[PDB]
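Have a look at the structure below, then the notes.
A short reminder: the numbers here are calculations on the coordinates, not readings from a lab. Here Cβ is always computed from backbone atoms with ideal geometry, including for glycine, and neighbour counts include all displayed protein chains.
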Amino acid sequence: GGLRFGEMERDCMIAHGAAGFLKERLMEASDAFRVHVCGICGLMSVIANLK
DNA sequence: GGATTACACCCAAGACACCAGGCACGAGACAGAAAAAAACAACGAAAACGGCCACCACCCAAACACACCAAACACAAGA
Ligand SMILES: [Zn+2]
């Protein structure tokens, strides 16, 4: 498994002002995903066929 | 009446529904409700007996008068 980067760790990163490190811990070191939203209704009901 | 009560990490151990009355269909019986007839109200037609005008005579009502009684100004008495 992986180690939990909990809420108090986020508080310490925020105190340090390290925004890029926080974004990288929570996205690229974890469940990063790409979704499509509708520019009109703003719901994730867009049907994307990428191929 | 609800709702919240440290943070991170390690390990082990058990279960991962079974079994029982309701829906459908599955058939009777008085009750939810429908059909009928006979004693219920009235009206048409005949019978004779109760109701209305006479006739009628005896009992209650009015007039006359009697004596009797209740009563009312006032001459007299009285404080
Ligand atoms: Zn849309």
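Calculate log10 I(q)/I(0) of chain A for q = 0.13 Å⁻¹, where I(q) comes from the Debye formula with a single equal point scatterer on each Cα and nothing for solvent.
With no solvent term, the Cα-only Debye profile gives -0.52.
Given the options A:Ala32, A:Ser45, A:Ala15, identify the residue whose Cα lies farthest towards the positive end of the charge dipole of chain A (+1 on Cβ of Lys, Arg; -1 on Cβ of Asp, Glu).
My answer, from the dipole projection, is A:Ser45.
Only four residue types carry charge here, +1 at the Cβ of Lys and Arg and -1 at the Cβ of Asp and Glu. Report the dipole size of chain A about the Cα centre in Debye, rounded to the nearest 20.
Charge dipole of chain A: 240 debye, to the nearest 20.
To the nearest 10 degrees, how steeply does helix A:7-16 sit against the main Cα axis of chain A, on a 0 to 90 scale?
Once rounded, the angle reads 80 degrees.
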